[PDB]
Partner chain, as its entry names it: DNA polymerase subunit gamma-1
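Form deposited without its partner chain, single chain, as structure tokens, below.
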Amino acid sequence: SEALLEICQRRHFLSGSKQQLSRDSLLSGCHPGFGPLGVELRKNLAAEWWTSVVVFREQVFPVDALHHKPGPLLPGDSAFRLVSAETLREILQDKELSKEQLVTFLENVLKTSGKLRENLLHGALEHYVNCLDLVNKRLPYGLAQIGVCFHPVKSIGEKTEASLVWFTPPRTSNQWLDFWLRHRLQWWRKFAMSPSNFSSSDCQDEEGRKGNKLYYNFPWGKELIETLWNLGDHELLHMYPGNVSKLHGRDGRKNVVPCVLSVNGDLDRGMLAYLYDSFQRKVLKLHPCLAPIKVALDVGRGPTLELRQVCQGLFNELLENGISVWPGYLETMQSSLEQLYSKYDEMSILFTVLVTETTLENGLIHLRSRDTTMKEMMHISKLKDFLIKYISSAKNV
């Protein structure tokens, strides 16, 4: 057992009670949601993911699908139907065969009501043709999407998935799959403290043949976080009946129906994975590129109005450049310093600059660290360009 989900509550990472934030509730997507920090943490994570596949080599396009699969479905699906509430009402009236009409109706529902998306892949495929234009017709190119998906556990679970659908030709097909497992796997470790607990695996036949899975070692045993698959041309054809020559882009001097590779990661569980990976003096050593609030900062020995003057010149300063500040220079008592440092260790901050009078009578402040825990002396004017480096640095490594 661990008291991480404790800190995570007190510091607004996870949200909800101590009963509705169950372990099985956290993983099934049935939690009550996230705290501002969890939101910010997932937000960067989402951001990083994006820069990794989509920004970089832009042959990838963000695409926008709906959250529900409308119209008539197949026999079963087991997923919940979306029934227009104000229809149920008009049924608890009418009296129209208050025994037989209200018993044949429910046969229309099951067959004519929509549902909520199980994945981001359908909406991806639904775009292929329209988007196959956008690149003359050359392959391969992807369609990236990051969004919420509803999976049943009866209760409903919500998960924020990141999805990249790669449209590559059969030849390179099984090859690209390699590339991506590598890319993905390499990506997760990039921000891990124990990259040893992020592993990969083989497997096949679930909608084609050939696929891997990325796992993360929770203090209680491996749990899935990202899956890869080479579906082939299957669903592409099944979705796009008719002229096959309406599909296929180009491998070279010859047109060919592309194979559908599919990457899918669970961001909310990837979230957790990181919050566990940074714990076991409390402290969360969340990677610099994923830390919710890059740097707090208060005021110390000296005046007051005068002292929290540059604070805002900084708060803004750091902000005009992409540095998440935590203005704590607006609370009260010195709240100690150990009671103010151990705390930010929990909030998983990165540095803790403190401005004092001995800052005005010169031009220096003193940032402490979360790791090296040193209490250095710094020239309050080379702090911006410093953070921008340290951070962008923790990136390159």
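Positions refer to the first chain, counted from 1.
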Continuity check for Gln280 and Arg281, given as deposited residues lacking coordinates between them: 10 or more
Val153-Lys154 interval: deposited residues absent from the model: 10 or more
Between the two ranges 161-169 and 317-325, the one averaging a larger CA B factor in the entry: 317-325
Given 178-186 and 76-84, the range whose Cα B-factors average higher in the PDB entry: 76-84
Criterion, highest CA B-factor; candidates, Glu223, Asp133, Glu206, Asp266: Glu206
Top residue by Cα temperature factor, when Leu297, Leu305, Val256, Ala144 are compared in the entry: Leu305
Chain-wide C-alpha B factor ranking for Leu340, given as lowest, middle or highest third: highest
CA B-factor ranking of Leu364, expressed as a third of its chain: middle
Third assignment of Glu40 from its chain's C-alpha B-factors: lowest
Lowest, middle or highest third - CA B-factor, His248: middle
Ranked C-alpha temperature factor of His127 among modelled chain residues, by third: lowest
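Keep in mind that the form solved in complex with its partner chain is missing from the display, and what follows is about it.
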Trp176 within 4.5 Å of its partner chain in the bound PDB entry, heavy atoms: yes
Partner proximity in the bound PDB entry: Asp233 to its partner chain, non-hydrogen atom cutoff 4.5 Å: no
Exercise: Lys222 in contact with its partner chain in the bound PDB entry, heavy atom 4.5 Å: no
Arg182: touches its partner chain in the bound PDB entry, heavy atom cutoff 4.5 angstroms: yes
Option from 214-222, 241-249, 166-174, 258-266 whose residues, in the bound PDB entry, bring a heavy atom within 4.5 Å of its partner chain: 166-174
Partner contacts in the bound PDB entry for 122-152 (non-hydrogen atom within 4.5 angstroms of its partner chain): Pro140
